[PDB]
Amino acid sequence: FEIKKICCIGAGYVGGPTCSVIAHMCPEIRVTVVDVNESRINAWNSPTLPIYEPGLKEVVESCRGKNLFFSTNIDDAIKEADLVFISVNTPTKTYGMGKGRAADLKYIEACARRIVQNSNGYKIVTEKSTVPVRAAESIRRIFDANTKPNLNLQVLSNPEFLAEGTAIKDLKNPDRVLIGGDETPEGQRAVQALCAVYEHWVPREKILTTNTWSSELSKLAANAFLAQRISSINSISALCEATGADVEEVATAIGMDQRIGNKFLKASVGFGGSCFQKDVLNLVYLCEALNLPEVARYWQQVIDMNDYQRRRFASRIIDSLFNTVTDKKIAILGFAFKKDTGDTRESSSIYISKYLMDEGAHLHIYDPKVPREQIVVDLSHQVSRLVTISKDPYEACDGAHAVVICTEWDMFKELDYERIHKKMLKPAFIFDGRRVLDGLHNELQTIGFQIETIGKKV
Amino acid sequence: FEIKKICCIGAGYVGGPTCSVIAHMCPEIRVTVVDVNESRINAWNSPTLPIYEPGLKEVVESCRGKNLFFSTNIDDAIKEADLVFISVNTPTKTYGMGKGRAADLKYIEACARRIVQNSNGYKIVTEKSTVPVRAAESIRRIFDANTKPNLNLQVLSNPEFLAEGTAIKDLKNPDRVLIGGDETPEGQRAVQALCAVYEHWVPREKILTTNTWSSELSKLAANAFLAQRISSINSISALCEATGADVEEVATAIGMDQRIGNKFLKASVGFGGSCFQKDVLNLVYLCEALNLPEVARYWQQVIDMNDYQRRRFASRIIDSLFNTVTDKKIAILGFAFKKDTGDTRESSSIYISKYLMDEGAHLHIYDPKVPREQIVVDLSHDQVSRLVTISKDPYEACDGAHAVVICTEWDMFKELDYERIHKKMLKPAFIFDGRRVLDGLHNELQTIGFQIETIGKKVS
Amino acid sequence: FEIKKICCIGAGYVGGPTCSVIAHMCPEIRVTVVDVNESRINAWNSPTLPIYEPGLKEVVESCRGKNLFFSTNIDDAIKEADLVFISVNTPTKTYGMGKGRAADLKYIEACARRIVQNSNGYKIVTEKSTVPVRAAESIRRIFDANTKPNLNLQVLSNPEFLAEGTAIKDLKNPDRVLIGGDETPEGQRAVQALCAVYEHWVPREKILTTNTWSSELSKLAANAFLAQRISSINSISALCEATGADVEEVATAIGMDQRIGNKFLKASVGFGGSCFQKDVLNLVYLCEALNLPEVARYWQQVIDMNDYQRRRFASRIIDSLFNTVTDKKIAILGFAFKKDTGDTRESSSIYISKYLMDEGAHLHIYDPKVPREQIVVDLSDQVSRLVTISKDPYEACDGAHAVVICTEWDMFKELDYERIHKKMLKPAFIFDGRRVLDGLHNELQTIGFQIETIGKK
């Protein structure tokens with residue numbers, strides 16, 4: 001069996017770029033991306049794509065209309081497809097059992113029911129989005145319970161490891177392509193057919209085939225391990241402040257051990273983004289549901305440490321300002337969860353800001369990329385009375401008691417702090433939650449700034 | 001400052017090989033290794049060295065008598081030295097505050113008092129063994145309180161990262177050389193003098209200079225991070241058994257992410273050795289002493305997960321044998337904490353064996369390298385005499401056994417004649433692979449008739 | 001250096017009476033009291049002072065216009081002052097870290113910034129109001145970070161120990177005057193300069209000079225020790241009810257030991273007022289912030305015992321009325337936290353009333369001095385339906401099932417209880433929460449009451 005027609009249900013940041021790269025590297029394969037938002041599909045067929053990714057516009061326009069297509073006729077695309085990707089988002093449950101930690105499979109289930117209704121003959125159905133472990137069994141149960149004569153649907157797991165901003169680079173040169181299928185002979189045929197698609201541009205040595213459950217678990221575990229590295233170095237940063245050690249020196253010394261590696265060992269006020277906490281919490285919920293409390297509380301520590309790092313950093317700020325910041329102007333520099341993005345999901349800036357707002361602080365927030373409306377929404381259920389969004393860092397720092405750096409924007413390293421210090425109220429504090437002012441502490445102290453930072457003793 | 005004479009106090013597993021390599025790569029530096037055991041010093045000056053390390057004999061005999069010397073005259077070696085290494089072992093405290101977790105600084109303190117009494121002029125004193133964080137502050141306090149006119153002792157931290165069996169390779173090609181000293185100008189002079197010693201064979205790019213506290217903490221943190229990787233994959237292995245996932249597939253998929261790396265992602269019945277648990281526990285005690293309970297309980301999970309992995313594996317064995325193993329013969333294959341060593345310190349085999357002995361099992365224990373006496377001592381506080389038998393070959397231990405428990409990843413266990421083993425085993429016959437060494441044989445073993453259970457794979 | 005001009009920031013019940021006595025006993029020292037409340041300053045300059053304190057009017061009028069002045073020109077008074085008193089209120093924090101227990105230093109910080117902006121030359125700045133320990137360190141940090149050439153500000157702690165109603169008596173004859181300053185030579189000069197002011201009417205032996213931290217802690221510790229004595233005797237009162245002992249007999253026996261003393265050994269439903277619980281809670285929060293959980297939980301017991309005494313007393317009332325007081329009329333006699341005042345802050349009557357209101361009781365509250373509006377606010381739909389404020393005790397007790405005495409007013413001892421008993425529903429109960437009816441129990445029982453009281457079985 002040769003895959004010639006691919007349908008991806010979901011034109012988001014996973015289904016879009018992934019199938020765009022497939023059509024780019026597989027000219028013979030017809031790739032149709034379908035979705036429910038007519039605005040999205042129209043945008044995908046427009047000169048301005050509904051998502052910005054470097055190289056995506058170059059990739060899409062060189063394939064769109066030839067073998068890459070975007071449409072709203074999901075039923076027709078499903079019927080003709082040989083391979084159906086399921087790329088709908090699985091949001092965290094908002095209520096009920098597993099609220100806040102379990103994944104809500106309602107979209108995947110809705111997708112599976114739609115697929116089985118519009119499918120005849122042999123097809124391969126592949127989970128692309130991050131799913132909870134054993135979710136493919138739910139898809140197979142739906143397929144089994146709604147079977148038709150000569151209808152043979154094979155379910156595979158092919159989790160995506162792309163990152164925002166570098167999706168195209170990650171898709172064209174992946175660290176590994178993970179494909180999971182049943183150990184049965186029919187499942188292995190489906191696995192090889194999907195492997196043959198990736199083999200057009202991915203070396204065979206980087207294509208790892210596993211069972212379905214291992215593939216689903218590996219996606220969760222990878223993000224949990226990464227978050228754990230950050231929580232671990234953050235735990236050391238608290239110890240460094242207590243001992244006189246420096247977390248950057250420790251991290252450099254740790255990372256030179258080749259068995260540990262030097263990536264993801266940067267201490268910070270806390271990890272953010274829409275993947276790390278969500279995946280760890282889903283891992284914790286899975287363990288609790290499987291009667292593995294020891295494993296659950298093990299991985300809960302990654303989240304607990306991340307929360308502790310934020311609370312501790314906020315408490316240092318409050319304690320430094322005499323345990324009272326009511327009506328005190330505090331400049332928050334950086335609101336994105338990391339530099340060079342507008343994404344604020346689970347940004348440590350949100351939690352630091354909320355803690356200071358709980359104390360009645362007047363926050364003046366500057367971020368070069370996060371739009372003004374996003375900041376208000378994230379801080380909103382108070383925001384009108386306590387939060388001001390500044391146009392430039394000097395506006396936020398004027399008349400402020402403290403400057404809190406929550407995102408590692410490169411521009412913050414280049415601010416005219418002598419100018420900032422003149423208009424700040426004294427004593428003037430800088431709280432570097434990202435270690436971006438290292439090497440400037442001597443100059444800042446001579447200017448007259450009390451500089452406090454993560455993982456360095458005061 | 002030019003270091004020309006080096007004295008290492010402690011001729012053990014750290015002080016010996018490290019100073020041997022220094023004299024090898026620094027022919028012009030006189031290196032004297034001193035100790036309190038006359039047998040050790042005599043052994044060091046003998047054709048059979050008191051510790052076996054590959055290439056150590058070649059290194060030592062090439063330098064011994066030229067610029068490497070072993071002696072018991074600690075006072076004279078201290079007086080003439082420009083650099084004094086402190087390589088005495090810091091054992092865990094047996095009683096009092098921090099029992100079982102805190103380090104006992106009595107030897108380092110005794111060494112520091114010995115140094116200050118026999119030292120005149122400028123000297124550099126360097127902690128080489130694993131010390132608790134802020135231990136150098138205690139050495140400096142002793143030096144300050146016992147100061148002499150024109151006596152200037154500089155204290156440095158230079159923790160060792162050598163591994164037993166490959167110390168010489170690690171010393172000649174280290175991943176990094178860590179040197180910690182005071183940020184004061186005098187401390188920086190001491191740091192550069194020790195850096196200049198390492199620069200004879202270590203590139204300056206791999207020599208990392210920090211403050212003293214960062215250097216002490218980095219040694220503890222590195223071992224804690226490594227142990228954490230093992231505990232993390234072991235936690236996944238429990239999940240894999242619950243879900244039908246396979247921990248080896250997950251670990252391979254995890255380790256292909258370059259940010260994570262593929263080292264130290266082998267699921268097992270639990271990590272062992274004299275380093276991992278000791279350092280994590282010392283890290284936990286340090287955090288508790290510094291009013292950081294959140295950090296303490298964070299790192300306690302690494303130990304708790306490792307203990308849970310052993311208990312769970314033992315409980316699977318007991319449950320598989322009908323929750324009764326009284327008088328049941330069980331073959332334990334492998335007793336060392338890892339393959340290719342005789343070291344049993346904190347070996348998972350010990351804890352698995354103790355759990356089975358708590359149930360009255362008759363353990364027949366085979367290890368190709370661990371001597372018989374060590375096994376008895378580790379399992380001993382009557383119970384060992386009645387319940388434990390040390391076999392001389394694996395087939396002797398498996399004859400008439402209900403279960404074969406593989407606790408160490410010895411390569412020979414992969415090559416055993418299991419069909420021969422299965423004939424003489426009592427039925428049902430179980431194999432518990434606690435190291436994943438029988439992967440790829442599970443099909444053959446099941447056809448032979450072996451109920452094969454292993455870490456991180458659901459029971460088939 | 002001799003102090004000649006004194007400015008007190010805050011014209012409240014601490015800054016006002018204290019500086020009034022200073023100007024009275026130091027005619028040659030110019031004393032200016034400044035505040036933001038224009039009404040307060042105008043009231044201070046009026047024949048009706050903004051606060052009633054016995055002997056204050058004679059003291060103020062004997063000095064006002066000569067060397068005691070009240071003004072709103074804070075900047076001018078600060079600049080000329082040799083000694084600046086900081087007497088602003090430090091209320092408990094309402095939100096954030098330490099909500100309900102930590103002190104809110106925002107006013108002290110605002111005052112310190114105001115002082116440093118308007119100050120030139122040598123000055124002595126003195127905390128007079130109850131501050132958390134280490135607060136003077138924050139003032140010194142502000143002064144250090146906002147320094148000027150030749151500007152030398154010395155920070156001292158001079159906590160107040162006056163009590164409302166007897167402030168003038170306590171100021172003129174203090175048990176002790178406490179002054180805390182840096183052990184540095186410059187601090188000792190500031191300490192002696194303030195000591196020289198107090199020495200005009202305070203004997204040198206009663207002026208205790210300590211470091212700043214000791215002075216701040218002593219103020220908190222003194223109130224905590226006092227609260228502890230009450231909680232301790234209240235804990236014994238629960239024991240007495242369980243054993244047949246009498247807490248008044250035990251308290252008398254305890255207090256005759258000279259090492260213990262006979263003061264503050266009166267069992268009650270619970271201590272009240274704006275100082276005791278506030279000081280203990282601030283002490284507890286201070287311990288928790290300083291990683292001393294053992295000390296924190298030690299002093300938390302004082303508050304926990306005080307809460308338990310109120311809850312237990314309310315539970316006895318409810319249990320005596322068949323565990324149901326819905327729509328039952330209950331007369332609450334006394335609402336102030338102690339007799340002979342209108343102050344209801346942390347009054348045990350509030351908490352007993354709230355417990356009875358939680359059970360749907362119809363409370364008829366009488367207090368001879370607490371105004372009607374204060375009672376409503378303190379208990380504040382529930383107050384409108386369940387609470388009635390009575391004009392006289394007989395109105396409150398008419399048709400009531402129980403009479404709850406929560407404040408030790410002397411008039412309650414002299415009520416016509418036979419008249420009360422006739423119109424009460426039977427069985428009729430009297431819950432004496434202050435032991436004010438001792439010696440009347442035989443008469444009350446013969447009348448037909450079931451009299452229950454603290455510390456008696």
# chains A, B, ... in the order shown; residues from 1 in each chain; ligands from 1
>>> interface_residues(of="chain C", to="chain A", cutoff="12 Å", atoms="only C-alpha atoms", output="number ranges by chain")
C: 90-99, 102-110, 112-113, 116-117, 132-147, 286, 289
>>> write_last_selection(atoms="C-alpha atoms", output="short mmCIF file (atom, residue, chain, number, x, y, z; two decimals), in the first residue's frame")
data_model
loop_
_atom_site.label_atom_id
_atom_site.label_comp_id
_atom_site.auth_asym_id
_atom_site.auth_seq_id
_atom_site.Cartn_x
_atom_site.Cartn_y
_atom_site.Cartn_z
CA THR C 90 -0.02 51.11 61.40
CA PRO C 91 -3.16 49.12 60.53
CA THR C 92 -3.13 45.39 59.92
CA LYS C 93 -2.69 44.39 56.28
CA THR C 94 -5.95 43.57 54.49
CA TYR C 95 -4.49 41.59 51.57
CA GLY C 96 -1.35 39.86 50.37
CA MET C 97 1.43 38.28 52.38
CA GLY C 98 0.61 38.54 56.07
CA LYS C 99 -3.04 39.48 55.56
CA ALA C 102 1.32 41.63 59.45
CA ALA C 103 1.44 45.37 60.00
CA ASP C 104 1.06 47.69 57.00
CA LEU C 105 4.06 50.04 57.03
CA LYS C 106 2.75 52.20 54.17
CA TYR C 107 2.01 55.20 56.40
CA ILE C 108 5.34 54.97 58.23
CA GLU C 109 7.13 54.68 54.89
CA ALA C 110 5.16 57.62 53.50
CA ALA C 112 9.73 58.69 56.39
CA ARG C 113 9.88 59.84 52.76
CA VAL C 116 13.69 63.06 54.44
CA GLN C 117 12.43 65.38 51.70
CA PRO C 132 6.64 45.62 63.75
CA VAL C 133 10.13 44.57 64.77
CA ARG C 134 12.83 45.84 62.35
CA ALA C 135 10.58 48.67 61.11
CA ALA C 136 13.22 51.25 62.05
CA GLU C 137 15.59 49.44 59.69
CA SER C 138 13.22 50.32 56.84
CA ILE C 139 13.16 53.96 57.95
CA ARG C 140 16.96 54.00 58.04
CA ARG C 141 17.14 52.42 54.58
CA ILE C 142 14.86 55.14 53.21
CA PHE C 143 17.00 57.80 54.91
CA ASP C 144 20.22 56.23 53.60
CA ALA C 145 18.94 55.95 50.02
CA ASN C 146 17.71 59.57 50.04
CA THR C 147 20.65 61.21 51.78
CA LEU C 286 7.15 37.88 62.75
CA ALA C 289 8.81 35.17 58.64
#
>>> closest_atom_pairs(of="chain C", to="chain B", cutoff="12 Å", atoms="only C-alpha atoms", output="Markdown table")
| residue | atom | partner | partner_atom | distance |
| --- | --- | --- | --- | --- |
| C:288 | CA | B:291 | CA | 11.7 |
| C:289 | CA | B:291 | CA | 11.3 |
| C:290 | CA | B:291 | CA | 10.1 |
| C:291 | CA | B:291 | CA | 7.3 |
| C:292 | CA | B:291 | CA | 10.3 |
| C:293 | CA | B:291 | CA | 11.3 |
>>> write_last_selection(atoms="N, CA, C and O atoms", output="PDB file, in the first residue's frame")
ATOM      1  N   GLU C 288       7.027  33.499  62.060  1.00  0.00           N
ATOM      2  CA  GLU C 288       6.933  32.700  60.844  1.00  0.00           C
ATOM      3  C   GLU C 288       7.855  33.241  59.759  1.00  0.00           C
ATOM      4  O   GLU C 288       8.528  32.470  59.066  1.00  0.00           O
ATOM      5  N   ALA C 289       7.917  34.565  59.613  1.00  0.00           N
ATOM      6  CA  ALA C 289       8.811  35.174  58.635  1.00  0.00           C
ATOM      7  C   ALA C 289      10.279  34.973  58.986  1.00  0.00           C
ATOM      8  O   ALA C 289      11.135  35.074  58.101  1.00  0.00           O
ATOM      9  N   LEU C 290      10.589  34.691  60.251  1.00  0.00           N
ATOM     10  CA  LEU C 290      11.959  34.495  60.703  1.00  0.00           C
ATOM     11  C   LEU C 290      12.303  33.025  60.903  1.00  0.00           C
ATOM     12  O   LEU C 290      13.279  32.717  61.595  1.00  0.00           O
ATOM     13  N   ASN C 291      11.521  32.120  60.314  1.00  0.00           N
ATOM     14  CA  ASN C 291      11.776  30.682  60.390  1.00  0.00           C
ATOM     15  C   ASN C 291      11.871  30.214  61.840  1.00  0.00           C
ATOM     16  O   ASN C 291      12.796  29.500  62.229  1.00  0.00           O
ATOM     17  N   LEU C 292      10.896  30.620  62.646  1.00  0.00           N
ATOM     18  CA  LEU C 292      10.771  30.169  64.030  1.00  0.00           C
ATOM     19  C   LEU C 292       9.365  29.619  64.238  1.00  0.00           C
ATOM     20  O   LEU C 292       8.559  30.203  64.971  1.00  0.00           O
ATOM     21  N   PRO C 293       9.034  28.494  63.592  1.00  0.00           N
ATOM     22  CA  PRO C 293       7.679  27.936  63.749  1.00  0.00           C
ATOM     23  C   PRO C 293       7.356  27.525  65.171  1.00  0.00           C
ATOM     24  O   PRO C 293       6.192  27.623  65.579  1.00  0.00           O
TER      25      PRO C 293
END
>>> atom_distance(atom1="CA of residue 456 (chain A)", atom2="CA of residue 240 (chain A)")
6.0 Å
>>> closest_residue(among="B:29, B:8, B:133, B:445", to="residue 290 (chain B)", atoms="only C-alpha atoms")
B:133
>>> closest_atom_pairs(of="chain A", to="chain B", cutoff="6 Å", atoms="only C-alpha atoms", output="Markdown table")
| residue | atom | partner | partner_atom | distance |
| --- | --- | --- | --- | --- |
| A:175 | CA | B:257 | CA | 5.9 |
| A:213 | CA | B:245 | CA | 4.7 |
| A:214 | CA | B:245 | CA | 4.2 |
| A:218 | CA | B:250 | CA | 4.9 |
| A:222 | CA | B:254 | CA | 5.2 |
| A:235 | CA | B:295 | CA | 5.5 |
| A:245 | CA | B:214 | CA | 4.2 |
| A:246 | CA | B:214 | CA | 5.7 |
| A:250 | CA | B:218 | CA | 4.9 |
| A:254 | CA | B:222 | CA | 5.3 |
| A:257 | CA | B:175 | CA | 5.9 |
| A:259 | CA | B:263 | CA | 5.2 |
| A:263 | CA | B:259 | CA | 5.2 |
| A:295 | CA | B:235 | CA | 5.5 |
| A:298 | CA | B:301 | CA | 5.8 |
| A:301 | CA | B:298 | CA | 5.8 |
>>> write_last_selection(atoms="N, CA and C atoms", output="PDB file, in the first residue's frame")
ATOM      1  N   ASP A 175      14.819  16.071  14.930  1.00  0.00           N
ATOM      2  CA  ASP A 175      15.667  15.222  15.758  1.00  0.00           C
ATOM      3  C   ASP A 175      15.248  13.764  15.630  1.00  0.00           C
ATOM      4  N   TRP A 213       1.198   2.980  22.342  1.00  0.00           N
ATOM      5  CA  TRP A 213       1.240   3.541  23.689  1.00  0.00           C
ATOM      6  C   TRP A 213       2.590   4.178  23.987  1.00  0.00           C
ATOM      7  N   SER A 214       3.676   3.559  23.520  1.00  0.00           N
ATOM      8  CA  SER A 214       4.996   4.147  23.713  1.00  0.00           C
ATOM      9  C   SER A 214       5.101   5.492  23.007  1.00  0.00           C
ATOM     10  N   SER A 218       5.857   8.855  24.917  1.00  0.00           N
ATOM     11  CA  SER A 218       7.124   9.530  24.650  1.00  0.00           C
ATOM     12  C   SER A 218       6.927  11.028  24.462  1.00  0.00           C
ATOM     13  N   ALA A 222       8.868  13.435  27.070  1.00  0.00           N
ATOM     14  CA  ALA A 222       9.903  14.348  26.595  1.00  0.00           C
ATOM     15  C   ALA A 222       9.715  15.744  27.178  1.00  0.00           C
ATOM     16  N   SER A 235      15.597  24.829  41.412  1.00  0.00           N
ATOM     17  CA  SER A 235      15.766  24.433  42.804  1.00  0.00           C
ATOM     18  C   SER A 235      17.184  24.727  43.281  1.00  0.00           C
ATOM     19  N   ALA A 245      26.671  30.387  46.430  1.00  0.00           N
ATOM     20  CA  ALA A 245      26.960  29.858  45.111  1.00  0.00           C
ATOM     21  C   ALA A 245      26.218  30.668  44.054  1.00  0.00           C
ATOM     22  N   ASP A 246      26.650  30.519  42.809  1.00  0.00           N
ATOM     23  CA  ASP A 246      26.036  31.201  41.678  1.00  0.00           C
ATOM     24  C   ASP A 246      25.479  30.151  40.728  1.00  0.00           C
ATOM     25  N   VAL A 250      27.213  27.045  38.559  1.00  0.00           N
ATOM     26  CA  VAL A 250      26.835  25.652  38.769  1.00  0.00           C
ATOM     27  C   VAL A 250      26.286  25.049  37.481  1.00  0.00           C
ATOM     28  N   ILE A 254      27.661  21.912  35.636  1.00  0.00           N
ATOM     29  CA  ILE A 254      26.803  20.742  35.457  1.00  0.00           C
ATOM     30  C   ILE A 254      26.750  20.343  33.988  1.00  0.00           C
ATOM     31  N   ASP A 257      29.315  18.108  31.868  1.00  0.00           N
ATOM     32  CA  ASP A 257      29.183  16.658  31.876  1.00  0.00           C
ATOM     33  C   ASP A 257      28.352  16.242  30.668  1.00  0.00           C
ATOM     34  N   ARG A 259      26.980  13.555  29.893  1.00  0.00           N
ATOM     35  CA  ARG A 259      25.794  12.776  30.232  1.00  0.00           C
ATOM     36  C   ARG A 259      24.608  13.657  30.606  1.00  0.00           C
ATOM     37  N   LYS A 263      21.986  22.002  27.596  1.00  0.00           N
ATOM     38  CA  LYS A 263      20.730  22.620  27.200  1.00  0.00           C
ATOM     39  C   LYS A 263      19.711  22.542  28.330  1.00  0.00           C
ATOM     40  N   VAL A 295       4.563   7.748  41.396  1.00  0.00           N
ATOM     41  CA  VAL A 295       4.963   8.421  40.167  1.00  0.00           C
ATOM     42  C   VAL A 295       4.285   9.780  40.061  1.00  0.00           C
ATOM     43  N   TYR A 298       5.945  12.246  42.222  1.00  0.00           N
ATOM     44  CA  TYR A 298       7.272  12.505  41.678  1.00  0.00           C
ATOM     45  C   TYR A 298       7.230  13.622  40.639  1.00  0.00           C
ATOM     46  N   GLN A 301       6.253  17.360  41.584  1.00  0.00           N
ATOM     47  CA  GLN A 301       7.314  18.222  42.092  1.00  0.00           C
ATOM     48  C   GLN A 301       7.839  19.177  41.028  1.00  0.00           C
TER      49      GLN A 301
END
>>> residues_around(residues="residue 391 (chain A)", least_positions_apart="2", cutoff="7 Å", atoms="only C-alpha atoms", output="JSON, numbers by chain")
{"A": [366, 389, 395]}
>>> closest_residue(among="B:433, B:288, B:346, B:399", to="residue 328 (chain B)", atoms="only C-alpha atoms")
B:399
>>> residues_around(residues="residue 454 (chain B)", least_positions_apart="6", cutoff="10 Å", atoms="only C-alpha atoms", output="list in words")
residues 237, 241, 268, 269, 313, 316, 405, 406, 431, 432, 433, 434, 435, 436, 437, 438, 439 and 442 of chain B
>>> write_last_selection(atoms="C-alpha atoms", output="PDB file, in the first residue's frame")
ATOM      1  CA  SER B 237       8.916   2.396  33.542  1.00  0.00           C
ATOM      2  CA  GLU B 241       3.889  -1.417  32.758  1.00  0.00           C
ATOM      3  CA  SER B 268      16.509  -0.390  35.910  1.00  0.00           C
ATOM      4  CA  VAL B 269      15.502  -1.787  39.295  1.00  0.00           C
ATOM      5  CA  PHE B 313      10.114  -4.913  41.655  1.00  0.00           C
ATOM      6  CA  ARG B 316       6.062  -8.102  41.686  1.00  0.00           C
ATOM      7  CA  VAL B 405      15.916 -12.617  39.370  1.00  0.00           C
ATOM      8  CA  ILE B 406      18.430 -10.669  37.279  1.00  0.00           C
ATOM      9  CA  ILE B 431      12.340 -14.816  35.146  1.00  0.00           C
ATOM     10  CA  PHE B 432      12.403 -11.276  36.540  1.00  0.00           C
ATOM     11  CA  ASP B 433      14.733  -9.164  34.391  1.00  0.00           C
ATOM     12  CA  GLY B 434      15.454  -6.083  36.480  1.00  0.00           C
ATOM     13  CA  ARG B 435      17.969  -4.695  33.969  1.00  0.00           C
ATOM     14  CA  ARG B 436      16.278  -5.297  30.567  1.00  0.00           C
ATOM     15  CA  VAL B 437      19.197  -7.542  29.581  1.00  0.00           C
ATOM     16  CA  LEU B 438      16.953 -10.281  28.139  1.00  0.00           C
ATOM     17  CA  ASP B 439      15.202  -8.043  25.595  1.00  0.00           C
ATOM     18  CA  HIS B 442      11.427 -12.917  25.458  1.00  0.00           C
TER      19      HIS B 442
END
>>> residues_around(residues="residue 420 (chain A)", least_positions_apart="2", cutoff="10 Å", atoms="only C-alpha atoms", output="list in words")
residues 393, 394, 395, 396, 397, 398, 399, 400, 403, 415, 416, 417, 418, 422, 423, 424, 428, 447 and 449 of chain A
>>> residues_around(residues="residue 311 (chain A)", least_positions_apart="4", cutoff="9 Å", atoms="only C-alpha atoms", output="NGL selection string")
:A and (269 or 306-307 or 315-316 or 351-352 or 355)
>>> residues_around(residues="residue 448 (chain B)", least_positions_apart="3", cutoff="8 Å", atoms="only C-alpha atoms", output="VMD selection string")
chain B and resid 418 to 419 422 444 to 445
>>> write_last_selection(atoms="C-alpha atoms", output="tab-separated table (two decimals), in the first residue's frame")
chain	number	residue	atom	x	y	z
B	418	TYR	CA	17.85	-21.04	29.72
B	419	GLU	CA	16.39	-24.21	28.19
B	422	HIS	CA	14.03	-24.27	32.64
B	444	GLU	CA	12.46	-17.71	22.96
B	445	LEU	CA	12.00	-17.71	26.74
>>> select_by_dssp(residues="region 228-409 of chain C", states="strand (DSSP E or B)", output="list in words")
residues 329, 330, 331, 332, 333, 362, 363, 364, 365, 366, 387, 388, 389, 402, 403, 404 and 405 of chain C
>>> write_last_selection(atoms="N, CA and C atoms", output="short mmCIF file (atom, residue, chain, number, x, y, z; two decimals), in the first residue's frame")
data_model
loop_
_atom_site.label_atom_id
_atom_site.label_comp_id
_atom_site.auth_asym_id
_atom_site.auth_seq_id
_atom_site.Cartn_x
_atom_site.Cartn_y
_atom_site.Cartn_z
N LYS C 329 -35.60 34.75 71.49
CA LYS C 329 -35.13 36.05 71.94
C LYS C 329 -34.07 35.85 73.01
N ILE C 330 -32.89 36.42 72.78
CA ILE C 330 -31.78 36.36 73.73
C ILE C 330 -31.30 37.78 73.99
N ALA C 331 -31.19 38.14 75.26
CA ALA C 331 -30.74 39.47 75.65
C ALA C 331 -29.23 39.45 75.84
N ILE C 332 -28.53 40.30 75.09
CA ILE C 332 -27.09 40.46 75.22
C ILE C 332 -26.85 41.73 76.03
N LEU C 333 -26.32 41.58 77.24
CA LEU C 333 -26.05 42.72 78.11
C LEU C 333 -24.57 43.06 78.01
N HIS C 362 -32.77 35.71 67.89
CA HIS C 362 -33.21 37.10 67.87
C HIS C 362 -32.52 37.81 69.04
N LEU C 363 -31.45 38.54 68.74
CA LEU C 363 -30.65 39.17 69.78
C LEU C 363 -31.17 40.56 70.10
N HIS C 364 -31.43 40.81 71.37
CA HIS C 364 -31.76 42.14 71.87
C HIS C 364 -30.57 42.64 72.68
N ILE C 365 -29.83 43.58 72.12
CA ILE C 365 -28.54 43.99 72.64
C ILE C 365 -28.68 45.31 73.38
N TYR C 366 -28.22 45.35 74.62
CA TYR C 366 -28.13 46.58 75.39
C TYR C 366 -26.69 46.82 75.81
N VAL C 387 -31.19 41.17 64.78
CA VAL C 387 -30.62 42.02 65.82
C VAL C 387 -31.57 43.16 66.13
N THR C 388 -31.89 43.33 67.41
CA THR C 388 -32.61 44.49 67.92
C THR C 388 -31.75 45.14 69.00
N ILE C 389 -31.60 46.46 68.93
CA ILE C 389 -30.81 47.20 69.91
C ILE C 389 -31.77 47.81 70.92
N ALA C 402 -32.86 33.71 77.54
CA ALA C 402 -31.57 33.75 78.20
C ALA C 402 -31.07 35.19 78.25
N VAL C 403 -30.35 35.50 79.31
CA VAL C 403 -29.66 36.77 79.46
C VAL C 403 -28.16 36.49 79.43
N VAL C 404 -27.47 37.02 78.43
CA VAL C 404 -26.04 36.82 78.26
C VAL C 404 -25.34 38.10 78.64
N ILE C 405 -24.54 38.04 79.70
CA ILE C 405 -23.74 39.16 80.16
C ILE C 405 -22.35 39.01 79.55
#
>>> closest_residue(among="B:13, B:460, B:159, B:113", to="residue 144 (chain B)", atoms="only C-alpha atoms")
B:113
>>> atom_distance(atom1="CA of residue 190 (chain C)", atom2="CA of residue 12 (chain C)")
24.8 Å
